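Trainee:
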Ligand SMILES: COc1ccc(/N=C/c2c(O)ccc3c2oc2cc(Cl)c(O)c(Cl)c23)cc1
């Protein structure tokens, strides 16, 4: 009775071999800077958990980004800080430069390196086939790094990938939903943005792992090579799974939930239907064919699999022939 357990197939026990303080973020003691070192310039955005500003370090005229955390969840605050410090210096991980106490909100304000980002809505319309492969490889470097450090991002999406296209620089940002992977642990399924939620989240399977990020990455790849953003455009979390099933088919979906002894929410009875798997060539047309190759479709197919245990890992993905044409380092 109940779901079948699952474990990551890589980096499974990295945290249990760590000192407790590495992953015990509740015990972390924050070292504070001087908030008056930074002057806010303009607000860049606001979400449920933070407000983000362009700012200047007034001690050396340096551009920085300041993320003022909202006082909603406090252990979520220590979690993000500890993860950012643990991952600092890793390939294409945003660098946390300082932590100050904002005088107005009385909450932590995170100071990050600045990236000359262009909005993905404008940038993805300009990317060549080579650019897509290049930036995909850069994202994979960041994902393999954090996974190898025992951390899943859980909010991979174009909005959380800052790209300075003039300088071909990429940073993975917003670690507010990131979590330490502990084998056998049941996690909250209310993570990631709707269009990038893995099937495991949508069927309410809690014992997921780093492979969630690889589904989200596959969703990004599909939107880039097919020029369709987002690729799976659900109107809610239930319709999101139906949209996936209209592409991947319902037979493999039922095989997936049967393998883990998962029972679908009965509200899917009236909306899921019966769908064959579609060949990826259905989504190729004159406006995206220059972005599609046999290698791209083979890669995408190995990311967008219902069974989280069957997806390519970040390291395996970097070995894929899709990246043979990319000059590295
Ligand atoms: C011209 O319009 C723009 C130019 C740059 C621009 N840069 C945002 C930016 C950054 O350069 C580094 C880190 C973050 C940024 O936004 C974030 C949000 C969250 Cl939530 C977060 O955790 C992090 Cl680390 C960052 C945003 C708009």
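Numbering (PDB author numbering), first residue to last: 2 to 330. The beta-carbon is built from N, C-alpha and C at its ideal position, and this holds for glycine as well.
Determine the burial state of residue 12: buried for a count of at least 16 other Cβ atoms within 10 Å of its Cβ, exposed for fewer.
Mentor: That one is buried.
Trainee: For residue 23, tell me which candidate among 181, 302, 314 has the shortest Cα-Cα distance.
Mentor: Measuring from the Cα of residue 23, the nearest candidate turns out to be 181.
Trainee: Anyone know if the C-beta pair for residue 165 and residue 116 falls short of 8 Å?
Mentor: Cβ distance < 8 Å, so residue 165 and residue 116 count as in contact.
Trainee: Please state if the CB of residue 221 and the CB of residue 295 are separated by a distance shorter than 8 Å.
Mentor: Taking 8 Å as the Cβ cut-off, residue 295 and residue 221 do not qualify as a contacting pair.
Trainee: For residue 101, name the three-state secondary structure that DSSP assigns.
Mentor: Residue state, collapsed to three classes: strand.
Trainee: Check residue 93 in the structure and name its three-state DSSP category.
Mentor: Coil, per DSSP.
Trainee: Does the stretch 315 to 327 touch the stretch 254 to 274, meaning 3 or more C-beta pairs lie closer than 8 Å?
Mentor: Judged by Cβ distances under 8 Å, the stretch 254 to 274 makes no contact with the stretch 315 to 327, as fewer than three pairs qualify.
Trainee: Hey, is residue 68 close to ligand 1, as in C-beta under 7 Å from one of its heavy atoms?
Mentor: Yes, the beta carbon of residue 68 sits closer than 7 Å to at least one heavy atom of ligand 1.
Trainee: Within this structure, are the beta carbons of residue 29 and residue 64 separated by less than 8 Å?
Mentor: Not in contact: residue 29 and residue 64 (Cβ atoms no closer than 8 Å).
Trainee: Any heavy atom of ligand 1 inside 7 Å of the beta-carbon of residue 43?
Mentor: Residue 43 Cβ: outside cutoff for every heavy atom of ligand 1.
Trainee: Would you say the beta carbon of residue 176 is closer than 7 Å to some non-hydrogen atom of ligand 1?
Mentor: It does: the Cβ of residue 176 is within 7 Å (strictly closer) of some heavy atom of ligand 1.
Trainee: Are the Cβ atoms of residue 108 and residue 71 separated by less than 8 Å?
Mentor: Contact flag set, yes.
Trainee: Check whether the Cβ of residue 194 lies closer than 7 Å to any heavy atom of ligand 1, and answer yes or no.
Mentor: Residue 194 Cβ: outside cutoff for every heavy atom of ligand 1.
Trainee: Report the three-state DSSP secondary structure of residue 58 (helix, strand or coil).
Mentor: DSSP places residue 58 in strand when its eight states are reduced to three.
Trainee: When burial is assigned at 16 or more other CB atoms within 10 Å of the CB, is residue 101 buried or exposed?
Mentor: Counting Cβ neighbours within 10 Å, residue 101 comes out buried, since at least 16 surround it.
Trainee: Examine ligand 1 and report whether any of its heavy atoms sits within less than 7 Å of the Cβ of residue 280.
Mentor: No, the beta carbon of residue 280 sits no closer than 7 Å to any heavy atom of ligand 1.
Trainee: Could you name the residues of the same chain whose beta carbon sits closer than 8 Å to that of residue 301, not counting the 5 residues immediately before and after it, in chain order?
Mentor: Taken in chain order, the residues that qualify are 219, 222, 223, 226, 281.
Trainee: Is it right to say residue 6 is buried, meaning 16 or more other beta carbons lie within 10 angstroms of its own, or is it exposed?
Mentor: Answer is exposed; the Cβ neighbour count stays below 16.
Trainee: Would you mind working out which of 139, 206, 283 sits nearest residue 328, comparing C-alpha positions?
Mentor: Among 139, 206, 283, the Cα nearest to that of residue 328 is on 139.
Trainee: Span of the beta strand (DSSP E) holding residue 45?
Mentor: Its beta strand (DSSP E) spans residues 39 to 47.
Trainee: Please tell me whether, using a cut-off of 7 Å, the distance from the CB of residue 57 to the nearest non-hydrogen atom of ligand 1 is below it.
Mentor: No, the beta carbon of residue 57 sits no closer than 7 Å to any heavy atom of ligand 1.
Trainee: Determine the burial state of residue 59: buried for a count of at least 16 other Cβ atoms within 10 Å of its Cβ, exposed for fewer.
Mentor: Counting Cβ neighbours within 10 Å, residue 59 comes out exposed, since fewer than 16 surround it.
Trainee: Applying the criterion that 16 or more other CB atoms from any shown protein chain within 10 Å of the CB defines a buried residue, is residue 306 buried or exposed?
Mentor: Classification of residue 306: buried, given that the 10 Å Cβ count is 16 or more.
Trainee: Confirm, please, whether the CB-CB distance from residue 110 to residue 152 is below 8 Å.
Mentor: Contact flag unset, no.
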